[PDB]
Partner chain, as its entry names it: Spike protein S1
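Shown next as structure tokens: one chain only, the form deposited without its partner chain.
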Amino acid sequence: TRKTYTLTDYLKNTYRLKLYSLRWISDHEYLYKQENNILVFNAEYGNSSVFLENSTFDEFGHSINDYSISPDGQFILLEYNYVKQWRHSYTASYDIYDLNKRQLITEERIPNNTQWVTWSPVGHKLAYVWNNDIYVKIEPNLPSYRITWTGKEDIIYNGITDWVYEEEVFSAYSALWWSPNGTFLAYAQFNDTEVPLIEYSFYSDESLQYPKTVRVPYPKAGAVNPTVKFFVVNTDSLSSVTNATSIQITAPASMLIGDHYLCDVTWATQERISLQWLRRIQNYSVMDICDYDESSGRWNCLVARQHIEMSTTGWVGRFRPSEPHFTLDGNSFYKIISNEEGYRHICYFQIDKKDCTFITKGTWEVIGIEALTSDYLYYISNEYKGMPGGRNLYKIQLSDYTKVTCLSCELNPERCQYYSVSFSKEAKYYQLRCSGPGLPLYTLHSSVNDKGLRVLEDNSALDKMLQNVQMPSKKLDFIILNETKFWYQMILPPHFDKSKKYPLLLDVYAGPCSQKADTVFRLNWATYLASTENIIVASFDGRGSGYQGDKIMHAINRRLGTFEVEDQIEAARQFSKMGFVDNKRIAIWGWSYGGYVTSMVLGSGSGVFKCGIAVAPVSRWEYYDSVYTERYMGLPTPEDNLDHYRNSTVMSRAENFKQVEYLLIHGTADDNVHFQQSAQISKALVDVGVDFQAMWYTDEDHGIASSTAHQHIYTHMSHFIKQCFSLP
């Protein structure tokens, strides 16, 4: 008699997952917003105090988007007038409220339309970027010092990233890096002078008579890339009478010989900074370690302290060279790198030694290094039970690498197989965040003896609500292909009956280093399709997928649109051979990279799929950006890899769409995968006389996430899938 999880439940968020987002402010306490109030918690005992009244700003007059308390707890930055730009970038207005004198600062306030702002790591200095230039405020109420004067819209970027560096390299708008104690402020400068612009229309509200043309410096594959320079400035010796002097750190000669990128910046100590550079041909990167010289006031990077990282099977790193984790004295560091077997493990480096030593090993991979103390290094890996889609927290004794302890594996194995972690300032405490297969579970622990102090949030409220719903189940397993196992997951309908034939929807992404088969608990479209429509929603990680070593991940190097596409068909083929699958009703769908694979599959002539949906897909690699595309495809020149760039397009397979039902969807204001990609797909289908379904979303970008568009797309796709499967 109980209800199912419906489309409306998914769209209106009827069943909400509770979270516990805390912010560590020291090694013993953290901030947590409750009832709109900000409380400070003592980790050891769990007791709290109110830190900021949810009414303190009742007469502020502005809607506060977010807040940020200075490291010393003396000030709070109030963010408002938020205006989103790309994936991470946005502008906003700011105000600083003095917590000591319980007063709002009105003198020398941060400008409106500020592009980025950040407190120093210690104390209360500020650094913000406005009009592409960097500014520093030693005190919240004092006048700021201008650090750069070359800032120019769409041309010169000081302290912030341009489009491609924001999206593909740093995953952030900021290009500012404070030294550990706030003395130095390092920053990058980007020059997009010769980078072509992508142009597309923006219609805006109906009142706008003429559509606006948006123009963004965006380097497509093979095009001219922005250039980059790196600087360091001493914020302790700034003058009101003299323009701040920034010291430049140039990239190594092996980098200056041609196009290159700055791919990582990590401080080692108060006077030592490391930088990793990557060549445009992303199989070779160099780390420079630089020390501040009090005599010349310059930064020297000893050649003997250089570290090269290259790859012979593919590119370097998962999406970019990994970041180094320096020890207290900065004389050595730990870094995740691909080992001789092609598995990513932690290597220990001496700053002036070429050979590093691997401290972990095995047919599994370290996902990331989470914390470092003189006795232990904490990290997350998918080692447990050999499940590449599981994640657990481990610590390894630095004095004896044979001593590895899993800290989360056995806490609750049935409910928790995928963890994330948050350590306090000195790793004295850590918060564990279990996200599956059962309902999310947040706990707090102490490092000295790894005690489980308390449960922060167990989602018992949601568990109670879900008891009255017929929820689908999840099967995570694998199939073998040529001696190699590949994992898949299936979202199975309630009361699954293996003696019946169920329609099947293959949910695919399949980009390089992707993972779609995991132990994560999710309430999404697939939950509804399985719960209400009785559709099996499956996903498969084939060649090119991540966290299983380079042999699998690099199989598609310089060859996108091949093995990862073929493997999805092979998986479907195998699923169709299963007793509970109706081989007459198998569909496939994907978004972004997933739209591309779905389209390449439907245009393969395999005959396995009856219909498919591609959302904002890539259609030909020459249309996507250089940093991501070239990493996997090299350059599109006859001397490099043009032939495959031309053989891996969706358009060339148009004719094969005659035997399938295809729905193509795309937002007109997509700054990431340009509408162009879908406009070329539709034109090729028209040119060979193939009928298909389409839907454009006016002014929506790659996320098609505005509330109304989101509901509209999923509603439209549901009708399409049900119609394809002959479902009432």
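Positions refer to the first chain, counted from 1. Here, rigid core means the biggest group of C-alpha atoms that superpose within 1.5 Å across both forms.
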| property | result |
| --- | --- |
| Stretch with larger C-alpha RMS deviation in 4 other deposited structures of this protein, core superposed, 409-417 versus 233-241 | 233-241 |
| Which of 56-64 and 665-673 lies farther from this form in 4 other deposited structures of this protein, as RMS of C-alpha positions after a rigid core fit | 56-64 |
| Entry-level comparison of average CA B-factors, 279-287 and 300-308, reporting the higher stretch | 300-308 |
| Entry-level comparison of average CA B-factors, 137-145 and 514-522, reporting the higher stretch | 137-145 |
| Top Cα B factor in the deposited entry, candidates 622, 199, 168, 153 | 153 |
| Of the residues 93, 408, 274, 174, the one carrying the largest Cα B-factor as recorded | 93 |
| Assigned third (lowest, middle, highest) for the C-alpha B factor of residue 689 | middle |
| Assigned third (lowest, middle, highest) for the C-alpha B factor of residue 707 | middle |
| Among modelled residues of the same chain, the CA temperature factor third for residue 14 | highest |
| Third of chain Cα B-factors occupied by residue 610 | middle |
| Chain-relative CA temperature factor third for residue 339 | middle |
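Separately, the form deposited with its partner chain bound exists; it is not shown, and the next lines address it.
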query	finding
Interface stretch in the deposited complex with its partner chain - options 304-312, 448-456, 382-390, 402-410, non-hydrogen atom within 4.5 Å	304-312
Heavy atom of each of 252, 279 and 284 within 4.5 Å of its partner chain in the deposited complex	yes
One residue of 499, 100, 468, 295 in contact with its partner chain, assessed in the deposited complex (non-hydrogen atom, 4.5 angstroms)	295
The single option of 558, 425, 584, 229 touching its partner chain in the deposited complex, heavy atom within 4.5 Å	229
Close approach of residue 248 to its partner chain in the deposited complex, 4.5 Å, heavy atom	yes
Its partner chain contact in the deposited complex: residue 256, any heavy atom under 4.5 Å	yes
